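A.B. asks: start03.csv (CSV, C-alpha atoms and all ligand atoms) pasted underneath:
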chain,number,residue,atom,x,y,z
A,2,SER,CA,27.5,3.9,1.3
A,3,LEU,CA,28.7,2.1,4.4
A,4,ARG,CA,26.0,0.1,6.2
A,5,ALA,CA,25.0,2.0,9.3
A,6,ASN,CA,22.3,-0.4,10.6
A,7,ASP,CA,21.3,-4.1,10.6
A,8,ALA,CA,17.5,-3.6,10.4
A,9,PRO,CA,15.8,-6.1,8.1
A,10,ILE,CA,13.6,-4.9,5.3
A,11,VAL,CA,9.9,-5.7,5.2
A,12,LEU,CA,7.9,-5.5,1.8
A,13,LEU,CA,4.4,-4.2,1.9
A,14,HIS,CA,1.9,-4.3,-1.0
A,15,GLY,CA,-0.9,-1.9,-2.0
A,16,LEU,CA,-4.5,-2.2,-3.2
A,17,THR,CA,-3.5,-5.6,-4.7
A,18,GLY,CA,-1.1,-8.0,-3.0
A,19,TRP,CA,-0.7,-11.5,-1.6
A,20,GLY,CA,1.7,-13.7,0.3
A,21,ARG,CA,4.6,-15.8,-1.2
A,22,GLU,CA,2.5,-19.0,-1.0
A,23,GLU,CA,-0.4,-17.4,-2.8
A,24,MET,CA,-1.1,-17.0,-6.5
A,25,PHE,CA,0.7,-20.3,-7.1
A,26,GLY,CA,4.0,-18.6,-6.2
A,27,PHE,CA,3.8,-15.7,-8.6
A,28,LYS,CA,5.3,-12.9,-6.5
A,29,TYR,CA,3.6,-9.5,-6.2
A,30,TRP,CA,7.2,-8.2,-5.5
A,31,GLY,CA,8.9,-9.1,-8.7
A,32,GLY,CA,6.0,-10.4,-10.9
A,33,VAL,CA,7.3,-11.6,-14.2
A,34,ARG,CA,10.8,-10.2,-13.6
A,35,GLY,CA,11.6,-12.4,-10.6
A,36,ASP,CA,11.6,-12.5,-6.8
A,37,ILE,CA,12.7,-9.2,-5.2
A,38,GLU,CA,12.8,-10.5,-1.6
A,39,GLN,CA,15.1,-13.3,-2.8
A,40,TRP,CA,17.3,-10.9,-4.7
A,41,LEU,CA,17.7,-8.7,-1.6
A,42,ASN,CA,18.3,-11.7,0.7
A,43,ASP,CA,20.9,-13.2,-1.7
A,44,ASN,CA,22.7,-9.8,-1.6
A,45,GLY,CA,23.0,-9.6,2.1
A,46,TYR,CA,19.9,-7.6,3.0
A,47,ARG,CA,17.6,-9.7,5.2
A,48,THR,CA,14.1,-9.2,3.8
A,49,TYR,CA,10.6,-10.4,4.6
A,50,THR,CA,7.2,-9.9,3.0
A,51,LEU,CA,3.9,-8.9,4.6
A,52,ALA,CA,0.5,-9.8,3.3
A,53,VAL,CA,-2.5,-7.7,4.5
A,54,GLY,CA,-6.0,-7.1,3.2
A,55,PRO,CA,-5.7,-5.5,-0.3
A,56,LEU,CA,-9.1,-3.8,-0.2
A,57,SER,CA,-9.1,-3.2,3.6
A,58,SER,CA,-8.7,0.2,5.3
A,59,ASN,CA,-5.1,1.3,6.1
A,60,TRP,CA,-6.2,1.0,9.8
A,61,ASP,CA,-7.1,-2.7,9.4
A,62,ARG,CA,-4.0,-3.3,7.4
A,63,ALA,CA,-1.7,-1.6,10.0
A,64,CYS,CA,-3.2,-3.8,12.8
A,65,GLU,CA,-2.7,-6.8,10.5
A,66,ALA,CA,0.9,-5.8,9.8
A,67,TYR,CA,1.6,-5.2,13.5
A,68,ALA,CA,0.4,-8.7,14.4
A,69,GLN,CA,2.3,-10.3,11.5
A,70,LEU,CA,5.5,-8.7,12.7
A,71,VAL,CA,5.5,-9.1,16.5
A,72,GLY,CA,3.2,-12.1,16.5
A,73,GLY,CA,-0.3,-12.7,17.9
A,74,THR,CA,-3.9,-12.2,17.0
A,75,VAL,CA,-4.8,-9.2,14.9
A,76,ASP,CA,-6.7,-6.7,17.1
A,77,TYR,CA,-8.5,-3.9,15.2
A,78,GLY,CA,-9.6,-2.1,18.5
A,79,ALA,CA,-12.9,-2.5,20.3
A,80,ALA,CA,-14.0,1.0,19.4
A,81,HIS,CA,-13.1,0.7,15.7
A,82,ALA,CA,-14.8,-2.7,15.4
A,83,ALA,CA,-17.9,-1.5,17.2
A,84,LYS,CA,-18.1,1.6,15.1
A,85,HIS,CA,-17.8,-0.1,11.7
A,86,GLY,CA,-19.6,-3.3,12.4
A,87,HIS,CA,-16.9,-6.0,12.0
A,88,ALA,CA,-15.0,-8.3,14.3
A,89,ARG,CA,-12.5,-7.0,16.8
A,90,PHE,CA,-10.1,-9.9,16.3
A,91,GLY,CA,-8.7,-11.2,13.0
A,92,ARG,CA,-6.4,-14.1,12.3
A,93,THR,CA,-3.4,-15.2,14.4
A,94,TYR,CA,0.2,-15.0,13.3
A,95,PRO,CA,3.3,-16.6,14.8
A,96,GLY,CA,5.3,-13.4,14.3
A,97,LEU,CA,8.1,-12.8,11.8
A,98,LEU,CA,10.2,-10.7,14.1
A,99,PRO,CA,9.3,-11.0,17.8
A,100,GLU,CA,12.6,-9.3,18.6
A,101,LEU,CA,10.9,-6.0,17.7
A,102,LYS,CA,9.5,-6.3,21.2
A,103,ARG,CA,13.0,-6.1,22.6
A,104,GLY,CA,14.6,-3.4,20.6
A,105,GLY,CA,14.9,-4.8,17.1
A,106,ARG,CA,13.7,-2.6,14.2
A,107,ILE,CA,12.9,-2.7,10.6
A,108,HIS,CA,12.7,-0.7,7.3
A,109,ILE,CA,9.5,-0.9,5.3
A,110,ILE,CA,9.5,-0.7,1.5
A,111,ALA,CA,6.0,-0.1,0.5
A,112,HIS,CA,4.3,0.1,-2.9
A,113,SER,CA,1.1,1.9,-3.9
A,114,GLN,CA,-1.4,2.2,-1.0
A,115,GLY,CA,1.1,0.2,1.1
A,116,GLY,CA,2.8,3.6,1.7
A,117,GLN,CA,-0.3,4.9,3.5
A,118,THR,CA,-0.3,1.7,5.6
A,119,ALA,CA,3.4,2.1,6.5
A,120,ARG,CA,2.9,5.7,7.6
A,121,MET,CA,-0.1,4.7,9.7
A,122,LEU,CA,1.6,1.8,11.4
A,123,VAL,CA,4.4,4.2,12.5
A,124,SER,CA,1.8,6.8,13.6
A,125,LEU,CA,-0.1,4.2,15.7
A,126,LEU,CA,3.1,2.8,17.2
A,127,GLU,CA,4.2,6.3,18.3
A,128,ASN,CA,0.9,7.8,19.5
A,129,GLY,CA,-1.5,4.8,19.7
A,130,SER,CA,-5.2,5.8,19.6
A,131,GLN,CA,-6.9,7.9,22.3
A,132,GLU,CA,-10.4,6.8,21.2
A,133,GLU,CA,-9.3,3.1,21.7
A,134,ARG,CA,-7.7,3.8,25.0
A,135,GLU,CA,-10.9,5.5,26.4
A,136,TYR,CA,-13.3,2.9,25.0
A,137,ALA,CA,-11.3,0.1,26.6
A,138,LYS,CA,-11.5,1.8,30.0
A,139,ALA,CA,-15.2,2.6,29.8
A,140,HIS,CA,-16.1,-0.9,28.7
A,141,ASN,CA,-13.7,-2.9,30.8
A,142,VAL,CA,-12.1,-4.6,27.8
A,143,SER,CA,-8.4,-5.2,27.0
A,144,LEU,CA,-6.4,-2.9,24.8
A,145,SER,CA,-3.8,-3.8,22.1
A,146,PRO,CA,-0.3,-2.4,22.9
A,147,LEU,CA,-0.5,-0.9,19.4
A,148,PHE,CA,-3.1,1.6,20.7
A,149,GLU,CA,-1.1,2.5,23.9
A,150,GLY,CA,1.4,4.7,22.1
A,151,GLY,CA,5.0,5.1,23.2
A,152,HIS,CA,6.3,2.4,20.9
A,153,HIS,CA,8.7,2.5,18.0
A,154,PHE,CA,10.4,-0.1,15.7
A,155,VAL,CA,10.5,1.3,12.2
A,156,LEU,CA,13.7,3.1,11.3
A,157,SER,CA,12.8,3.9,7.8
A,158,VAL,CA,10.0,3.9,5.4
A,159,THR,CA,10.3,4.0,1.6
A,160,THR,CA,7.2,4.5,-0.5
A,161,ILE,CA,6.9,3.8,-4.2
A,162,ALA,CA,4.1,5.2,-6.3
A,163,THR,CA,2.0,5.8,-3.2
A,164,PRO,CA,-1.2,8.0,-3.4
A,165,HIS,CA,-0.2,10.1,-0.3
A,166,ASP,CA,-2.8,12.6,-1.5
A,167,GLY,CA,-5.0,10.0,-3.0
A,168,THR,CA,-5.7,9.3,-6.7
A,169,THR,CA,-8.5,10.8,-8.9
A,170,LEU,CA,-9.0,7.4,-10.4
A,171,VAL,CA,-11.7,6.9,-7.7
A,172,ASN,CA,-13.9,9.6,-9.2
A,173,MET,CA,-14.3,7.8,-12.5
A,174,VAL,CA,-17.6,6.4,-13.7
A,175,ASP,CA,-18.0,2.8,-12.9
A,176,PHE,CA,-14.8,3.0,-10.9
A,177,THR,CA,-16.3,0.1,-9.0
A,178,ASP,CA,-16.4,-2.2,-12.0
A,179,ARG,CA,-13.2,-1.0,-13.4
A,180,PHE,CA,-11.4,-1.4,-10.0
A,181,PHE,CA,-12.3,-5.0,-9.9
A,182,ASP,CA,-11.3,-5.4,-13.5
A,183,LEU,CA,-7.9,-4.2,-12.3
A,184,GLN,CA,-8.0,-7.1,-9.8
A,185,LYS,CA,-8.9,-9.4,-12.7
A,186,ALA,CA,-6.1,-8.0,-14.9
A,187,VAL,CA,-3.6,-8.6,-12.1
A,188,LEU,CA,-4.9,-12.2,-11.8
A,189,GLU,CA,-4.3,-12.6,-15.5
A,190,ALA,CA,-0.8,-11.2,-15.2
A,191,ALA,CA,-0.2,-14.0,-12.7
A,192,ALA,CA,-1.7,-16.5,-15.1
A,193,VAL,CA,-4.9,-17.0,-13.0
A,194,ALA,CA,-8.3,-17.1,-14.6
A,195,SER,CA,-11.3,-15.3,-13.0
A,196,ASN,CA,-14.0,-17.7,-14.3
A,197,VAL,CA,-12.7,-20.8,-12.5
A,198,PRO,CA,-13.9,-22.0,-9.1
A,199,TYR,CA,-10.4,-22.9,-7.7
A,200,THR,CA,-10.6,-25.3,-4.7
A,201,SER,CA,-7.4,-23.8,-3.3
A,202,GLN,CA,-7.7,-20.2,-2.0
A,203,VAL,CA,-5.2,-18.8,-4.6
A,204,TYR,CA,-5.8,-15.2,-3.6
A,205,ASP,CA,-7.0,-14.6,0.0
A,206,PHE,CA,-8.5,-11.1,0.5
A,207,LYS,CA,-8.2,-11.6,4.3
A,208,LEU,CA,-11.6,-10.4,5.0
A,209,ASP,CA,-11.9,-12.4,8.2
A,210,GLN,CA,-13.2,-9.4,10.2
A,211,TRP,CA,-16.0,-8.9,7.7
A,212,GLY,CA,-16.9,-12.6,7.6
A,213,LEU,CA,-16.3,-12.8,3.9
A,214,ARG,CA,-14.5,-15.5,1.9
A,215,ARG,CA,-14.7,-17.1,-1.6
A,216,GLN,CA,-17.0,-20.0,-1.3
A,217,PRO,CA,-16.5,-23.6,-2.5
A,218,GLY,CA,-17.4,-23.7,-6.2
A,219,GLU,CA,-17.2,-19.9,-6.6
A,220,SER,CA,-15.1,-18.1,-9.2
A,221,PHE,CA,-13.4,-14.8,-8.7
A,222,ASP,CA,-15.8,-13.2,-11.1
A,223,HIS,CA,-18.7,-14.2,-8.9
A,224,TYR,CA,-16.8,-13.4,-5.7
A,225,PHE,CA,-15.9,-9.9,-6.9
A,226,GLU,CA,-19.6,-9.2,-7.6
A,227,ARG,CA,-20.3,-10.1,-4.0
A,228,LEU,CA,-17.4,-7.9,-2.8
A,229,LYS,CA,-18.7,-4.9,-4.8
A,230,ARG,CA,-21.9,-5.1,-2.7
A,231,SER,CA,-20.1,-5.9,0.6
A,232,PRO,CA,-18.8,-3.6,3.4
A,233,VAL,CA,-15.2,-3.9,2.3
A,234,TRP,CA,-16.3,-1.8,-0.7
A,235,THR,CA,-19.3,0.2,0.5
A,236,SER,CA,-18.2,1.4,3.9
A,237,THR,CA,-15.8,4.1,4.9
A,238,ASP,CA,-13.5,1.5,6.6
A,239,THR,CA,-12.0,0.5,3.3
A,240,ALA,CA,-9.1,1.0,0.9
A,241,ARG,CA,-11.6,2.6,-1.5
A,242,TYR,CA,-12.2,5.4,1.0
A,243,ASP,CA,-8.6,6.0,1.9
A,244,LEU,CA,-7.7,6.0,-1.8
A,245,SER,CA,-9.8,8.9,-2.7
A,246,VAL,CA,-8.6,12.5,-2.6
A,247,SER,CA,-11.1,13.1,0.3
A,248,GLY,CA,-10.1,10.1,2.2
A,249,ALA,CA,-6.4,10.5,1.8
A,250,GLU,CA,-6.7,14.0,3.2
A,251,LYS,CA,-8.6,12.9,6.3
A,252,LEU,CA,-5.9,10.3,6.8
A,253,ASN,CA,-3.1,13.0,6.4
A,254,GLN,CA,-4.8,14.9,9.2
A,255,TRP,CA,-3.7,12.5,11.8
A,256,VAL,CA,-1.0,10.3,10.2
A,257,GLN,CA,2.1,12.5,10.5
A,258,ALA,CA,5.8,11.9,10.1
A,259,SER,CA,7.6,10.6,13.2
A,260,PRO,CA,10.8,12.5,14.1
A,261,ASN,CA,12.3,9.0,14.8
A,262,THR,CA,11.9,7.7,11.2
A,263,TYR,CA,13.4,8.4,7.9
A,264,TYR,CA,11.0,8.6,5.0
A,265,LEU,CA,11.9,8.2,1.4
A,266,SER,CA,9.5,8.6,-1.5
A,267,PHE,CA,9.8,7.5,-5.1
A,268,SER,CA,7.4,8.8,-7.7
A,269,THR,CA,6.4,7.3,-11.0
A,270,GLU,CA,5.1,8.6,-14.3
A,271,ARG,CA,4.4,7.0,-17.7
A,272,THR,CA,2.5,9.6,-19.7
A,273,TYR,CA,3.1,12.3,-22.2
A,274,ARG,CA,1.4,15.7,-22.5
A,275,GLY,CA,-0.7,16.0,-25.7
A,276,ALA,CA,-1.0,19.2,-27.8
A,277,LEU,CA,-4.7,19.7,-27.6
A,278,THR,CA,-5.5,21.0,-24.1
A,279,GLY,CA,-2.5,19.8,-22.2
A,280,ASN,CA,-4.0,16.4,-21.1
A,281,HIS,CA,-1.7,13.5,-20.4
A,282,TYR,CA,-1.8,10.2,-22.4
A,283,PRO,CA,-0.3,6.8,-21.7
A,284,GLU,CA,3.1,6.2,-23.2
A,285,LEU,CA,3.8,3.1,-25.3
A,286,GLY,CA,4.6,0.2,-23.0
A,287,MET,CA,2.3,1.1,-20.2
A,288,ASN,CA,0.5,-2.1,-18.9
A,289,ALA,CA,-2.6,-2.6,-21.1
A,290,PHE,CA,-5.2,-2.4,-18.5
A,291,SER,CA,-4.1,1.0,-17.2
A,292,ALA,CA,-3.4,2.4,-20.7
A,293,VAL,CA,-6.9,1.6,-21.9
A,294,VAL,CA,-9.1,1.8,-18.8
A,295,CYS,CA,-7.3,4.2,-16.4
A,296,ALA,CA,-4.7,6.5,-17.9
A,297,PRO,CA,-7.1,8.4,-20.2
A,298,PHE,CA,-9.2,9.5,-17.2
A,299,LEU,CA,-6.3,10.2,-14.9
A,300,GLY,CA,-4.7,12.3,-17.6
A,301,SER,CA,-7.8,14.5,-18.2
A,302,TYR,CA,-10.0,14.6,-15.1
A,303,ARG,CA,-10.5,17.9,-13.3
A,304,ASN,CA,-12.8,18.6,-10.3
A,305,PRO,CA,-13.3,22.2,-9.0
A,306,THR,CA,-14.9,21.0,-5.8
A,307,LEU,CA,-11.9,18.8,-5.0
A,308,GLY,CA,-9.2,21.2,-6.3
A,309,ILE,CA,-8.1,18.7,-9.0
A,310,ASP,CA,-6.3,20.5,-11.8
A,311,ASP,CA,-3.4,20.4,-14.3
A,312,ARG,CA,-0.6,19.4,-11.8
A,313,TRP,CA,-2.5,16.1,-11.3
A,314,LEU,CA,-2.7,15.0,-14.9
A,315,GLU,CA,0.7,13.3,-15.1
A,316,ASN,CA,0.3,9.8,-13.8
A,317,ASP,CA,1.6,6.2,-13.7
A,318,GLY,CA,-1.6,4.6,-14.9
A,319,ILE,CA,-3.2,4.3,-11.5
A,320,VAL,CA,-2.0,7.2,-9.3
A,321,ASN,CA,-1.4,10.9,-10.1
A,322,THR,CA,2.3,11.6,-9.9
A,323,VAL,CA,2.0,14.8,-7.8
A,324,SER,CA,0.4,12.7,-5.1
A,325,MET,CA,3.5,10.5,-4.6
A,326,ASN,CA,6.3,12.6,-3.2
A,327,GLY,CA,4.7,12.7,0.2
A,328,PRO,CA,1.5,13.7,2.0
A,329,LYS,CA,0.5,17.4,1.4
A,330,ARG,CA,-3.3,17.7,1.4
A,331,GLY,CA,-4.2,18.1,5.1
A,332,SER,CA,-0.6,17.4,6.1
A,333,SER,CA,2.1,19.3,8.0
A,334,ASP,CA,4.7,16.8,7.0
A,335,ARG,CA,7.7,18.4,5.4
A,336,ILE,CA,8.9,17.2,2.0
A,337,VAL,CA,12.5,17.9,0.9
A,338,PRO,CA,14.2,17.1,-2.4
A,339,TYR,CA,16.9,14.5,-2.0
A,340,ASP,CA,20.2,16.4,-1.6
A,341,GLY,CA,22.5,13.5,-1.0
A,342,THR,CA,21.8,12.9,2.7
A,343,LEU,CA,18.7,11.3,4.0
A,344,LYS,CA,17.0,13.2,6.9
A,345,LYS,CA,14.9,11.9,9.7
A,346,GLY,CA,11.3,13.1,10.4
A,347,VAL,CA,10.9,14.4,6.9
A,348,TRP,CA,10.2,13.1,3.4
A,349,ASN,CA,13.2,12.7,1.2
A,350,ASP,CA,11.9,13.1,-2.4
A,351,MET,CA,14.1,10.6,-4.2
A,352,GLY,CA,12.7,11.7,-7.6
A,353,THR,CA,10.4,10.5,-10.4
A,354,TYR,CA,10.9,7.4,-12.4
A,355,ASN,CA,9.6,6.6,-15.9
A,356,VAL,CA,7.9,3.3,-14.9
A,357,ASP,CA,4.2,2.6,-14.4
A,358,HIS,CA,2.3,1.4,-11.3
A,359,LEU,CA,2.7,-2.3,-12.2
A,360,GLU,CA,6.1,-2.2,-14.0
A,361,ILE,CA,7.7,-0.8,-10.8
A,362,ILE,CA,7.1,-4.1,-9.0
A,363,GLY,CA,7.6,-6.3,-12.1
A,364,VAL,CA,4.0,-7.3,-12.5
A,365,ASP,CA,4.2,-5.8,-16.0
A,366,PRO,CA,7.3,-6.0,-18.1
A,367,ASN,CA,9.6,-3.1,-19.0
A,368,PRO,CA,13.0,-4.3,-20.3
A,369,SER,CA,14.5,-0.8,-20.0
A,370,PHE,CA,13.8,-0.7,-16.3
A,371,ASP,CA,16.6,-2.4,-14.4
A,372,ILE,CA,14.3,-3.5,-11.6
A,373,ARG,CA,17.1,-5.6,-9.8
A,374,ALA,CA,19.4,-2.6,-9.7
A,375,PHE,CA,16.6,-0.3,-8.5
A,376,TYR,CA,15.7,-2.5,-5.4
A,377,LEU,CA,19.3,-3.2,-4.5
A,378,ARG,CA,20.0,0.5,-4.5
A,379,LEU,CA,17.0,1.1,-2.3
A,380,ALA,CA,18.1,-1.6,0.1
A,381,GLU,CA,21.6,-0.1,0.3
A,382,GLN,CA,20.2,3.4,1.0
A,383,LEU,CA,18.1,2.1,3.9
A,384,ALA,CA,21.0,0.1,5.2
A,385,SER,CA,23.1,3.3,5.1
A,386,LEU,CA,20.7,5.1,7.6
A,387,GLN,CA,22.2,6.0,10.9
A,388,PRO,CA,20.1,4.4,13.7
A,401,CA,CA,5.3,-2.4,-19.8
A,402,CL,CL,-18.9,-15.1,2.4
A,403,ZN,ZN,-11.8,-1.9,10.1
Translate this structure into structure tokens?

C.D. replies:
Amino acid sequence: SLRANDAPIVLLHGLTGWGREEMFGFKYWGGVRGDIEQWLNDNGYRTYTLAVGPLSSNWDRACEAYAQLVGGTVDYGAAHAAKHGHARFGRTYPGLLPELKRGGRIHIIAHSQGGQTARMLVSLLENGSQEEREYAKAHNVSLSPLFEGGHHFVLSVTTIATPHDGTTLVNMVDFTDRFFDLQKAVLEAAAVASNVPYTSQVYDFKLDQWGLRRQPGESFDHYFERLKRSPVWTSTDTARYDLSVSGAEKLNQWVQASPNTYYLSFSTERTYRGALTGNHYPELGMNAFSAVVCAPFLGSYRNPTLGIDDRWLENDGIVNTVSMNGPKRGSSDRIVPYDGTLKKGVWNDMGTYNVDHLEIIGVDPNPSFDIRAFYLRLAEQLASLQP
């Protein structure tokens, strides 16, 4: 399809993720398969990578992504910061694309929870935040342009394996310990040990606002035990909260599709239905951690109070497949099956792929998945969008 726009692509990770200089260079986008950003750039699609708080709320992540893009100091909003008890200002970025302030735009390819973040950034650009605008006036303090509303710089958003309606994984027993074991599993995939007090940061959780950071002589094992007992895990201003079925619904209540942006969604599944009671089980090849620790539960959990039933059993090892085509719980967004033409202001359901949560980004191997072809095709589709 003929390129219809020149907007660069911006990669955005989920509940795990780090920058290109982190993890000794092991890329979140590509993992053991390679470097996706490089593949796209070498193929004529200008691409950049964002790095935000993996365990932080989508709100914090959107403010971080905003500053990373246009440049400046992260501003979480005076009202938000006062309400949750963390700093109003985060770190300062030089800005990857300052031209966004003069008419330039971008496409966002987001994986996992990154899809919630991408949607929220678009929502905030378009409408800002009334609570933040009022608070600033009443307290005589400045207001980030992000909260003013009337802004727009994202032409398209593609989400991959995103828990738009949340994931039932959060309702599991010891989800807390198992979620951090997931972090440890990802560290191992990147050939990083969790019982070594690395002097270099290696994996920065970007918890500047919470005043948290791995200490000199501290291992990730020990650090994660501290994080489990910290606000980035125990408060409502967290990825943990937004990841739940409850939290994702509350998010869907205000984060709606903008009529000025094209949304594409890719779903993932890596399970088979058994013959006992119709539960789903991990297929051979699923990354070990999910197959053992997460798939079993996702494929069998049911909660009457939350409306969790049989449509939710199919999963990709981390997220329920039904939750990926677009937001539905508490959402008025419209989702339409890809018919050959991408439409604005709605979710274009691009289908379901037989790849798990980590294989889709190359963190776990899957020889049968032509990851390079997948991303080049996604880049071409975004490049085909009429501005
Ligand atoms: Ca695999
Ligand atoms: Cl600390
Ligand atoms: Zn926050």

A.B. asks: With distances taken over only C-alpha atoms, which of A:258, A:158, A:174, A:294 is nearest to residue 124 (chain A)?

C.D. replies: A:258

A.B. asks: Hey, which residues come within 7 Å of ligand ZN 403 (chain A) if we count all atoms listed in the file? Could you give them as an NGL selection string?

C.D. replies: :A and (58 or 60-61 or 77 or 81-82 or 85 or 87 or 238)

A.B. asks: How would you report the residues lying within 9 Å of ligand CA 401 (chain A), as number ranges by chain, if you count only C-alpha atoms and all ligand atoms?

C.D. replies: A: 285-289, 356-357, 359-360, 363-368

A.B. asks: A:170, A:186, A:194, A:161: which is nearest residue 314 (chain A), counting all atoms listed in the file?

C.D. replies: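 Checking each candidate against residue 314 (chain A), we get A:170 as the closest.
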
A.B. asks: Within 7 Å of ligand CL 402 (chain A), counting only C-alpha atoms and all ligand atoms: which residues, as a list in words?

C.D. replies: residues 212, 213, 214, 215 and 216 of chain A
